[PDB]
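So this block is final06.cif, mmCIF, C-alpha atoms and all ligand atoms:
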data_work
#
loop_
_atom_site.group_PDB
_atom_site.id
_atom_site.type_symbol
_atom_site.label_atom_id
_atom_site.label_comp_id
_atom_site.auth_asym_id
_atom_site.auth_seq_id
_atom_site.Cartn_x
_atom_site.Cartn_y
_atom_site.Cartn_z
ATOM 1 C CA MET A 1 -56.433 120.215 156.318
ATOM 2 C CA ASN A 2 -59.736 120.944 154.577
ATOM 3 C CA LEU A 3 -62.436 123.452 155.522
ATOM 4 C CA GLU A 4 -65.377 122.600 153.261
ATOM 5 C CA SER A 5 -68.700 120.782 153.627
ATOM 6 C CA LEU A 6 -67.290 117.251 153.783
ATOM 7 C CA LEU A 7 -66.462 116.705 157.458
ATOM 8 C CA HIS A 8 -68.869 113.826 158.141
ATOM 9 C CA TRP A 9 -67.334 112.162 155.082
ATOM 10 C CA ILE A 10 -63.631 112.423 155.920
ATOM 11 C CA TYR A 11 -64.635 111.368 159.435
ATOM 12 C CA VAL A 12 -65.864 107.868 158.597
ATOM 13 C CA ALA A 13 -62.736 107.510 156.461
ATOM 14 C CA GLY A 14 -60.242 107.808 159.300
ATOM 15 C CA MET A 15 -62.458 105.597 161.450
ATOM 16 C CA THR A 16 -62.324 102.885 158.785
ATOM 17 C CA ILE A 17 -58.539 102.566 158.988
ATOM 18 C CA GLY A 18 -58.714 102.688 162.774
ATOM 19 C CA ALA A 19 -60.923 99.678 163.461
ATOM 20 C CA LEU A 20 -58.994 97.936 160.681
ATOM 21 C CA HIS A 21 -55.613 98.293 162.389
ATOM 22 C CA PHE A 22 -57.062 96.516 165.419
ATOM 23 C CA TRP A 23 -58.072 93.571 163.232
ATOM 24 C CA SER A 24 -54.390 93.101 162.408
ATOM 25 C CA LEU A 25 -53.566 93.087 166.125
ATOM 26 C CA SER A 26 -56.082 90.283 166.737
ATOM 27 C CA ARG A 27 -53.122 87.922 166.199
ATOM 28 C CA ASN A 28 -52.640 88.428 169.921
ATOM 29 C CA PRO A 29 -53.678 91.177 172.408
ATOM 30 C CA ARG A 30 -51.393 90.581 175.392
ATOM 31 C CA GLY A 31 -52.996 92.591 178.173
ATOM 32 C CA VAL A 32 -56.580 92.686 176.924
ATOM 33 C CA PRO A 33 -58.773 89.522 176.505
ATOM 34 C CA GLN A 34 -60.873 88.889 173.387
ATOM 35 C CA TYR A 35 -63.992 90.554 174.871
ATOM 36 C CA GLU A 36 -61.971 93.786 174.866
ATOM 37 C CA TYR A 37 -60.828 93.546 171.254
ATOM 38 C CA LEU A 38 -64.487 92.978 170.472
ATOM 39 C CA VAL A 39 -65.216 96.255 172.225
ATOM 40 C CA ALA A 40 -63.274 97.929 169.409
ATOM 41 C CA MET A 41 -65.276 96.350 166.614
ATOM 42 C CA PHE A 42 -68.234 97.373 168.726
ATOM 43 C CA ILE A 43 -67.578 101.111 169.001
ATOM 44 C CA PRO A 44 -64.744 101.858 166.439
ATOM 45 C CA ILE A 45 -66.863 100.286 163.641
ATOM 46 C CA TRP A 46 -70.321 101.534 164.649
ATOM 47 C CA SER A 47 -69.118 105.114 165.097
ATOM 48 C CA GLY A 48 -67.524 105.044 161.654
ATOM 49 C CA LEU A 49 -70.593 104.228 159.547
ATOM 50 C CA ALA A 50 -72.549 106.696 161.704
ATOM 51 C CA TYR A 51 -70.697 109.784 160.469
ATOM 52 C CA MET A 52 -70.926 108.588 156.856
ATOM 53 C CA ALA A 53 -74.680 108.980 157.258
ATOM 54 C CA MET A 54 -74.466 112.573 158.454
ATOM 55 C CA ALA A 55 -72.771 113.239 155.108
ATOM 56 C CA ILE A 56 -75.595 111.766 153.023
ATOM 57 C CA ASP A 57 -78.021 113.995 154.972
ATOM 58 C CA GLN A 58 -79.665 111.055 156.734
ATOM 59 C CA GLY A 59 -79.849 111.561 160.485
ATOM 60 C CA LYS A 60 -81.377 114.880 161.515
ATOM 61 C CA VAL A 61 -85.054 115.577 160.843
ATOM 62 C CA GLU A 62 -87.249 118.654 161.269
ATOM 63 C CA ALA A 63 -89.476 118.193 164.316
ATOM 64 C CA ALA A 64 -91.757 120.976 165.555
ATOM 65 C CA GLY A 65 -90.434 123.644 163.210
ATOM 66 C CA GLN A 66 -87.008 122.929 164.676
ATOM 67 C CA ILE A 67 -83.891 120.884 163.926
ATOM 68 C CA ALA A 68 -83.306 117.856 166.155
ATOM 69 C CA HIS A 69 -79.899 116.177 166.378
ATOM 70 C CA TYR A 70 -81.132 112.591 166.615
ATOM 71 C CA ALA A 71 -78.311 110.969 164.644
ATOM 72 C CA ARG A 72 -75.936 112.979 166.831
ATOM 73 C CA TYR A 73 -77.126 111.418 170.086
ATOM 74 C CA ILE A 74 -77.474 107.763 169.030
ATOM 75 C CA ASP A 75 -73.976 107.823 167.581
ATOM 76 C CA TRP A 76 -72.904 109.642 170.729
ATOM 77 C CA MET A 77 -74.272 106.701 172.680
ATOM 78 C CA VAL A 78 -72.354 103.743 171.346
ATOM 79 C CA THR A 79 -69.520 106.213 170.951
ATOM 80 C CA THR A 80 -69.644 107.997 174.318
ATOM 81 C CA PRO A 81 -71.031 105.148 176.555
ATOM 82 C CA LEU A 82 -68.432 102.718 175.060
ATOM 83 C CA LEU A 83 -65.675 105.368 175.107
ATOM 84 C CA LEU A 84 -65.410 105.474 178.883
ATOM 85 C CA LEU A 85 -66.102 101.744 179.134
ATOM 86 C CA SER A 86 -63.324 101.172 176.605
ATOM 87 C CA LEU A 87 -60.778 102.838 178.885
ATOM 88 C CA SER A 88 -61.662 100.466 181.718
ATOM 89 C CA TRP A 89 -61.943 97.460 179.405
ATOM 90 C CA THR A 90 -58.474 98.057 177.964
ATOM 91 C CA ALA A 91 -57.065 98.144 181.495
ATOM 92 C CA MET A 92 -58.995 95.051 182.586
ATOM 93 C CA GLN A 93 -56.698 92.016 182.595
ATOM 94 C CA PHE A 94 -59.091 89.110 183.134
ATOM 95 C CA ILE A 95 -62.695 88.466 184.157
ATOM 96 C CA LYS A 96 -64.696 85.899 186.125
ATOM 97 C CA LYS A 97 -67.617 87.838 187.609
ATOM 98 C CA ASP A 98 -69.876 90.884 187.236
ATOM 99 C CA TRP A 99 -69.431 92.685 190.558
ATOM 100 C CA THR A 100 -72.176 94.870 192.029
ATOM 101 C CA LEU A 101 -70.063 97.950 192.755
ATOM 102 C CA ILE A 102 -68.846 98.435 189.184
ATOM 103 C CA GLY A 103 -72.082 97.042 187.788
ATOM 104 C CA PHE A 104 -74.032 99.901 189.349
ATOM 105 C CA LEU A 105 -71.562 102.511 188.095
ATOM 106 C CA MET A 106 -71.734 101.298 184.494
ATOM 107 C CA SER A 107 -75.510 101.667 184.771
ATOM 108 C CA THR A 108 -75.100 105.277 185.909
ATOM 109 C CA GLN A 109 -73.393 106.635 182.790
ATOM 110 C CA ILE A 110 -75.750 104.498 180.709
ATOM 111 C CA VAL A 111 -78.762 106.437 182.015
ATOM 112 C CA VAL A 112 -77.064 109.832 181.728
ATOM 113 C CA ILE A 113 -76.344 109.629 178.000
ATOM 114 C CA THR A 114 -79.842 108.228 177.541
ATOM 115 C CA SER A 115 -81.115 111.533 178.896
ATOM 116 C CA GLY A 116 -79.127 113.173 176.130
ATOM 117 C CA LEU A 117 -81.228 111.690 173.333
ATOM 118 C CA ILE A 118 -84.384 112.860 175.092
ATOM 119 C CA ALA A 119 -82.888 116.333 175.574
ATOM 120 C CA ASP A 120 -83.093 116.686 171.795
ATOM 121 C CA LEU A 121 -86.373 114.772 171.535
ATOM 122 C CA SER A 122 -87.894 116.949 174.264
ATOM 123 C CA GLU A 123 -91.477 118.202 174.151
ATOM 124 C CA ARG A 124 -91.041 121.546 175.916
ATOM 125 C CA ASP A 125 -88.326 124.079 176.762
ATOM 126 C CA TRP A 126 -88.621 124.005 180.552
ATOM 127 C CA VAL A 127 -87.864 120.287 180.281
ATOM 128 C CA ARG A 128 -84.834 120.880 178.047
ATOM 129 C CA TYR A 129 -82.880 122.927 180.582
ATOM 130 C CA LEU A 130 -84.092 120.596 183.328
ATOM 131 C CA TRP A 131 -82.895 117.457 181.539
ATOM 132 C CA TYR A 132 -79.595 119.056 180.526
ATOM 133 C CA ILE A 133 -78.722 119.504 184.199
ATOM 134 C CA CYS A 134 -79.825 115.920 184.849
ATOM 135 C CA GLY A 135 -76.938 114.589 182.790
ATOM 136 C CA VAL A 136 -74.087 116.828 183.931
ATOM 137 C CA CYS A 137 -75.095 116.176 187.544
ATOM 138 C CA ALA A 138 -74.959 112.375 187.396
ATOM 139 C CA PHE A 139 -71.762 112.757 185.361
ATOM 140 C CA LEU A 140 -69.555 114.446 187.960
ATOM 141 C CA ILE A 141 -70.908 111.840 190.383
ATOM 142 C CA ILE A 142 -69.654 108.993 188.189
ATOM 143 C CA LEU A 143 -66.034 110.107 187.798
ATOM 144 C CA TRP A 144 -65.822 110.716 191.535
ATOM 145 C CA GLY A 145 -67.450 107.321 192.056
ATOM 146 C CA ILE A 146 -64.701 105.399 190.267
ATOM 147 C CA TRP A 147 -61.677 106.949 192.001
ATOM 148 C CA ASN A 148 -63.430 107.317 195.362
ATOM 149 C CA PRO A 149 -63.773 103.582 196.285
ATOM 150 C CA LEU A 150 -60.674 102.071 194.680
ATOM 151 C CA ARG A 151 -61.516 98.559 195.884
ATOM 152 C CA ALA A 152 -58.747 96.000 196.362
ATOM 153 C CA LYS A 153 -59.703 94.654 192.923
ATOM 154 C CA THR A 154 -57.383 97.223 191.337
ATOM 155 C CA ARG A 155 -55.096 97.906 194.302
ATOM 156 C CA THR A 156 -54.319 94.174 194.278
ATOM 157 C CA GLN A 157 -54.425 93.491 190.536
ATOM 158 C CA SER A 158 -51.404 95.624 189.659
ATOM 159 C CA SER A 159 -50.197 98.907 191.151
ATOM 160 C CA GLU A 160 -48.597 99.717 187.797
ATOM 161 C CA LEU A 161 -51.943 99.564 185.994
ATOM 162 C CA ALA A 162 -53.492 101.528 188.858
ATOM 163 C CA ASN A 163 -51.039 104.396 188.391
ATOM 164 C CA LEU A 164 -51.131 104.747 184.606
ATOM 165 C CA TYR A 165 -54.895 104.295 184.907
ATOM 166 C CA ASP A 166 -55.264 107.412 187.053
ATOM 167 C CA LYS A 167 -53.564 109.451 184.335
ATOM 168 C CA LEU A 168 -55.920 107.857 181.813
ATOM 169 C CA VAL A 169 -59.214 108.714 183.502
ATOM 170 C CA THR A 170 -57.765 112.211 183.862
ATOM 171 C CA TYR A 171 -57.134 112.687 180.143
ATOM 172 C CA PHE A 172 -60.571 111.308 179.295
ATOM 173 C CA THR A 173 -62.117 113.618 181.878
ATOM 174 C CA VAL A 174 -60.655 116.489 179.867
ATOM 175 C CA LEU A 175 -62.420 115.318 176.710
ATOM 176 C CA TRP A 176 -65.738 115.902 178.475
ATOM 177 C CA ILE A 177 -64.539 119.301 179.675
ATOM 178 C CA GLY A 178 -64.392 119.961 175.963
ATOM 179 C CA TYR A 179 -68.032 119.102 175.241
ATOM 180 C CA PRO A 180 -69.861 119.680 178.628
ATOM 181 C CA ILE A 181 -68.258 123.175 178.583
ATOM 182 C CA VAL A 182 -69.092 124.256 175.007
ATOM 183 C CA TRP A 183 -72.603 122.876 175.515
ATOM 184 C CA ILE A 184 -73.460 125.304 178.317
ATOM 185 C CA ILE A 185 -72.395 128.621 176.785
ATOM 186 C CA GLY A 186 -73.774 129.376 173.336
ATOM 187 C CA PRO A 187 -76.065 127.028 171.359
ATOM 188 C CA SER A 188 -74.107 123.767 171.413
ATOM 189 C CA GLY A 189 -70.929 125.706 170.703
ATOM 190 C CA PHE A 190 -68.931 128.809 171.597
ATOM 191 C CA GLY A 191 -71.751 131.242 170.878
ATOM 192 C CA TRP A 192 -73.698 132.728 167.979
ATOM 193 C CA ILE A 193 -72.809 129.528 166.125
ATOM 194 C CA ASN A 194 -74.824 128.397 163.103
ATOM 195 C CA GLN A 195 -75.961 124.893 162.154
ATOM 196 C CA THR A 196 -72.948 124.141 159.961
ATOM 197 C CA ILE A 197 -70.238 125.841 162.017
ATOM 198 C CA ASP A 198 -71.684 124.013 165.023
ATOM 199 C CA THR A 199 -71.278 120.502 163.626
ATOM 200 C CA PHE A 200 -67.755 121.603 162.692
ATOM 201 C CA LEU A 201 -66.591 122.409 166.226
ATOM 202 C CA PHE A 202 -67.706 118.879 167.094
ATOM 203 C CA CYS A 203 -66.534 116.888 164.050
ATOM 204 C CA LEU A 204 -63.115 118.256 164.889
ATOM 205 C CA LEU A 205 -63.637 117.403 168.554
ATOM 206 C CA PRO A 206 -64.859 113.697 168.528
ATOM 207 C CA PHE A 207 -62.276 113.143 165.796
ATOM 208 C CA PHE A 208 -59.595 114.429 168.168
ATOM 209 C CA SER A 209 -60.954 112.319 171.037
ATOM 210 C CA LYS A 210 -61.138 108.910 169.349
ATOM 211 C CA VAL A 211 -57.733 109.365 167.719
ATOM 212 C CA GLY A 212 -56.034 110.558 170.894
ATOM 213 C CA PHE A 213 -57.592 108.195 173.430
ATOM 214 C CA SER A 214 -56.848 105.437 170.914
ATOM 215 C CA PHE A 215 -53.061 105.667 171.146
ATOM 216 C CA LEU A 216 -53.467 106.550 174.832
ATOM 217 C CA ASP A 217 -55.313 103.361 175.788
ATOM 218 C CA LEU A 218 -52.696 101.115 174.187
ATOM 219 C CA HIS A 219 -49.783 103.317 175.261
ATOM 220 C CA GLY A 220 -50.940 103.168 178.869
ATOM 221 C CA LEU A 221 -51.128 99.384 179.140
ATOM 222 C CA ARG A 222 -47.713 99.008 177.508
ATOM 223 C CA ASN A 223 -45.678 101.651 175.677
ATOM 224 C CA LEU A 224 -42.059 100.547 176.066
ATOM 225 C CA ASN A 225 -39.837 98.481 178.359
ATOM 226 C CA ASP A 226 -37.138 100.472 180.155
ATOM 227 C CA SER A 227 -36.100 98.379 183.158
ATOM 228 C CA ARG A 228 -33.154 96.146 182.258
ATOM 229 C CA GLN A 229 -30.526 98.846 181.733
HETATM 230 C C1 LIG B 301 -66.009 110.809 170.949
HETATM 231 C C2 LIG B 301 -67.258 111.218 171.348
HETATM 232 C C3 LIG B 301 -67.482 111.879 172.569
HETATM 233 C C4 LIG B 301 -66.300 112.161 173.494
HETATM 234 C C5 LIG B 301 -68.771 112.286 172.965
HETATM 235 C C6 LIG B 301 -69.004 112.935 174.152
HETATM 236 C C7 LIG B 301 -70.298 113.344 174.557
HETATM 237 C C8 LIG B 301 -70.527 113.997 175.750
HETATM 238 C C9 LIG B 301 -69.349 114.289 176.673
HETATM 239 C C10 LIG B 301 -71.862 114.413 176.155
HETATM 240 C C11 LIG B 301 -72.097 115.052 177.324
HETATM 241 C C12 LIG B 301 -73.445 115.493 177.787
HETATM 242 C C13 LIG B 301 -73.575 116.126 178.993
HETATM 243 C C14 LIG B 301 -72.344 116.382 179.853
HETATM 244 C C15 LIG B 301 -74.929 116.578 179.517
HETATM 245 C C16 LIG B 301 -76.031 115.733 178.937
HETATM 246 C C17 LIG B 301 -76.002 115.820 177.431
HETATM 247 C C18 LIG B 301 -74.710 115.216 176.879
HETATM 248 C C19 LIG B 301 -74.927 113.716 176.736
HETATM 249 C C20 LIG B 301 -74.509 115.813 175.493
#
Kindly return the structure encoded in the file as structure tokens.
Amino acid sequence: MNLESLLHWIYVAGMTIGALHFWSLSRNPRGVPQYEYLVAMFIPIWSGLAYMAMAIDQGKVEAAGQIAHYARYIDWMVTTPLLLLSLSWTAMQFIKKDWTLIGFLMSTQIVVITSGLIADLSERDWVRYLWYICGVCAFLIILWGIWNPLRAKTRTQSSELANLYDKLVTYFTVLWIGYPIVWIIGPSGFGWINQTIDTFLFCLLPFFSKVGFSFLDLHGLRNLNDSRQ
């Protein structure tokens, strides 16, 4: 384990091998249609190149005598918005519609994260704290909105996938607990954190989220067969 100024670099590295492994699995998914595998190329690849930029010093710019984390939000979009969607996509067996219920939900998280970018691209302070609460609020409403209904779509699809799924959304919910909690106290960290040390607490954290949830998504759908004896 290293502890120097090369996090953003080593980050894109691990992400490169990740999205690659999936390419080898394209031979056949078994449990997740093509559109899902594509989801990987979508986020796993995009996220990768993103970090590589943070290393070259091309992402954050000085705006209003301050430091804005623009590159941090955009990457957090395709990464975060498609992170939660990836969990559901991986579970999804087949498709033949759009559905209004789920359709509305997906639009909820989409708007929340959007607020994030603005939070950094704000114009005043009073609006910063105001917007910050705008996201967290709609967030807790989303998670509770997915387990609350529980339409027959899932209850009929496969009880097995419905069970393991519950444990999934739970683990992912913890990932947020990691960021939404450090965000509140201290400046985007634990407290009295600098600009460098700050990006560190994170680099270690989305790196631990993508890697973990990765093996979790696949493990959930199918880990091992232990029925016949
Ligand atoms: C792998 C990358 C991850 C897990 C990124 C996660 C980002 C978040 C959980 C952001 C959460 C936010 C709020 C809860 C309030 C609004 C501002 C955000 C978007 C930073």
Kindly list the centre and edge lengths in Å, rounded to one decimal, for the axis-aligned box that covers all listed atoms of ligand LIG 301 (chain B) plus 5 Å on each of its six sides, as lines of an AutoDock Vina configuration file.
center_x = -71.0
center_y = 113.7
center_z = 175.4
size_x = 20.0
size_y = 15.8
size_z = 18.9
**OP:** Between CA of residue 28 (chain A) and CA of residue 213 (chain A), measure the distance and give it in Å to one decimal.
**Re:**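 So the answer is 20.7 Å.
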At a cut-off of 6 Å and counting all atoms listed in the file, what residues surround ligand LIG 301 (chain B)? Please answer as a PDB file with C-alpha atoms, in the coordinates of the input.
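Once everything was written out, this is selection-v1.pdb:
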ATOM      1  CA  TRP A  76     -72.904 109.642 170.729  1.00  0.00           C
ATOM      2  CA  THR A  79     -69.520 106.213 170.951  1.00  0.00           C
ATOM      3  CA  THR A  80     -69.644 107.997 174.318  1.00  0.00           C
ATOM      4  CA  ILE A 113     -76.344 109.629 178.000  1.00  0.00           C
ATOM      5  CA  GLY A 116     -79.127 113.173 176.130  1.00  0.00           C
ATOM      6  CA  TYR A 132     -79.595 119.056 180.526  1.00  0.00           C
ATOM      7  CA  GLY A 135     -76.938 114.589 182.790  1.00  0.00           C
ATOM      8  CA  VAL A 136     -74.087 116.828 183.931  1.00  0.00           C
ATOM      9  CA  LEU A 175     -62.420 115.318 176.710  1.00  0.00           C
ATOM     10  CA  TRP A 176     -65.738 115.902 178.475  1.00  0.00           C
ATOM     11  CA  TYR A 179     -68.032 119.102 175.241  1.00  0.00           C
ATOM     12  CA  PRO A 180     -69.861 119.680 178.628  1.00  0.00           C
ATOM     13  CA  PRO A 206     -64.859 113.697 168.528  1.00  0.00           C
ATOM     14  CA  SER A 209     -60.954 112.319 171.037  1.00  0.00           C
ATOM     15  CA  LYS A 210     -61.138 108.910 169.349  1.00  0.00           C
TER      16      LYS A 210
END
Subject >> Selection result of the PyMOL selection byres (((chain A and resi 153) around 12) and not hetatm) on this file, as a VMD selection string >> reply: chain A and resid 92 to 95 97 99 101 to 102 149 to 152 154 to 159 161 to 162
Original post:
CA of residue 20 (chain A) and CA of residue 59 (chain A), how far apart in Å?
Top reply: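 So the answer is 24.9 Å.
The residues caught by the PyMOL selection byres (((chain A and resi 33-39) around 7) and not hetatm) in this file are residues 29, 31, 32, 40, 41, 42, 43, 86, 89, 90, 93 and 94 of chain A.
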C-alpha atoms of the current selection, written as a PDB file, in the coordinates of the input:
ATOM      1  CA  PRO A  29     -53.678  91.177 172.408  1.00  0.00           C
ATOM      2  CA  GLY A  31     -52.996  92.591 178.173  1.00  0.00           C
ATOM      3  CA  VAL A  32     -56.580  92.686 176.924  1.00  0.00           C
ATOM      4  CA  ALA A  40     -63.274  97.929 169.409  1.00  0.00           C
ATOM      5  CA  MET A  41     -65.276  96.350 166.614  1.00  0.00           C
ATOM      6  CA  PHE A  42     -68.234  97.373 168.726  1.00  0.00           C
ATOM      7  CA  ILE A  43     -67.578 101.111 169.001  1.00  0.00           C
ATOM      8  CA  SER A  86     -63.324 101.172 176.605  1.00  0.00           C
ATOM      9  CA  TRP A  89     -61.943  97.460 179.405  1.00  0.00           C
ATOM     10  CA  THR A  90     -58.474  98.057 177.964  1.00  0.00           C
ATOM     11  CA  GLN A  93     -56.698  92.016 182.595  1.00  0.00           C
ATOM     12  CA  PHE A  94     -59.091  89.110 183.134  1.00  0.00           C
TER      13      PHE A  94
END
Listing only residues of region 44-94 of chain A within 12 Å of region 190-195 of chain A, what is the closest atom pair and its distance in Å (to one decimal) for each, using all atoms listed in the file, sorted by chain and residue number ascending, as CSV?
residue,atom,partner,partner_atom,distance
A:60,CA,A:195,CA,11.4
A:66,CA,A:195,CA,11.5
A:67,CA,A:195,CA,9.1
A:68,CA,A:195,CA,10.9
A:69,CA,A:195,CA,10.5
**OP:** Provide the CA of residue 7 (chain A) to CA of residue 205 (chain A) distance in Å, to one decimal place.
**Re:**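 A separation of 11.5 Å between them.
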I'd like the neighbourhood of residue 222 (chain A) as a CSV table (one decimal) with C-alpha atoms, in the frame of the given file, where a residue qualifies if any of its atoms comes within 12 Å (using all atoms listed in the file), though same-chain residues fewer than 3 positions away should be ignored.
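Listing of out_25.csv after writing:
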chain,number,residue,atom,x,y,z
A,29,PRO,CA,-53.7,91.2,172.4
A,30,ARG,CA,-51.4,90.6,175.4
A,31,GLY,CA,-53.0,92.6,178.2
A,32,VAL,CA,-56.6,92.7,176.9
A,90,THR,CA,-58.5,98.1,178.0
A,91,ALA,CA,-57.1,98.1,181.5
A,160,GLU,CA,-48.6,99.7,187.8
A,161,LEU,CA,-51.9,99.6,186.0
A,164,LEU,CA,-51.1,104.7,184.6
A,165,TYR,CA,-54.9,104.3,184.9
A,215,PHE,CA,-53.1,105.7,171.1
A,216,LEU,CA,-53.5,106.6,174.8
A,217,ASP,CA,-55.3,103.4,175.8
A,218,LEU,CA,-52.7,101.1,174.2
A,219,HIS,CA,-49.8,103.3,175.3
A,225,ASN,CA,-39.8,98.5,178.4
A,226,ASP,CA,-37.1,100.5,180.2
